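Peer 1: Below is a structure I'd like to ask you about.
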Amino acid sequence: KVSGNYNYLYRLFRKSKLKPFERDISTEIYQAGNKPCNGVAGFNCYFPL
Amino acid sequence: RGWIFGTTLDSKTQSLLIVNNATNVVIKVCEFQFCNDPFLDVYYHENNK
Ligand SMILES: *[C@@H]1O[C@H](CO)[C@@H](O)[C@H](O)[C@H]1NC(C)=O
Ligand SMILES: *[C@@H]1O[C@H](CO)[C@@H](O)[C@H](O)[C@H]1NC(C)=O
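Here's what the structure looks like:
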């Protein structure tokens, strides 16, 4: 792509490892830090994809 | 007739529905949001009907 390829994603933050031959597809918010965020998708709570 | 498995049965993590008809069975690895449709019976007593 001349500009970018926003088609294939990946996960950077997960709570724990996954067992062999496991598929985990989900669109959620990762509770980074000590603030219990509830979908802010902002500071100290990043999108894992 | 039916055994259901999954995680919270919400449309954020996929789940299962294994049911047994008279001579059939269907299994869906799907992400059902809701299935709570008992279709309540006004005459649930098995004595008459
Ligand atoms: C449900 O059970 C009936 C009982 O005969 C059967 O005819 C029908 O095909 C079943 N439904 C499915 C989706 O298999
Ligand atoms: C029982 O059900 C039948 C039909 O299923 C109905 O005609 C009848 O009124 C009901 N009650 C009694 C006491 O039979």
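Which chain is which? The protein sequence lines are B and C, in order. If you use the authors' numbering, the first sequence corresponds to residues 444 to 492, in order. If you use the authors' numbering, the second sequence corresponds to residues 102 to 150, in order. Where a beta carbon is used, it is the ideal one built from N, C-alpha and C, also for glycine.
Could you run through the stretch 113–133 of chain C and flag, in chain order, every residue whose CB is less than 7 Å away from some CB of chain B?
Peer 2: Taking 7 Å as the Cβ-Cβ cut-off against chain B, the residues of the stretch 113–133 of chain C that qualify are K113, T114.
Peer 1: The beta strand (DSSP E) that contains C/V130, what's its start and end?
Peer 2: Run containing C/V130: none; DSSP gives neither H nor E here.
Peer 1: Can you name the residues that DSSP bridges to C/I119?
Peer 2: DSSP output for C/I119 lists C/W104, C/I128 as bridge partner(s).
Peer 1: Less than 8 Å between the beta carbons of B/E465 and C/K113, yes or no?
Peer 2: Contact flag unset, no.
Peer 1: When you get a sec, list the residues whose CB is within less than 6 Å of any heavy atom of ligand 2, chain order please.
Peer 2: Output, sorted by chain position: C/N149, C/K150.
Peer 1: Between the alpha carbons of C/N137 and B/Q474, how many angstroms are there, rounded?
Peer 2: Rounded to the nearest angstrom, the two C-alpha atoms are 30 Å apart.
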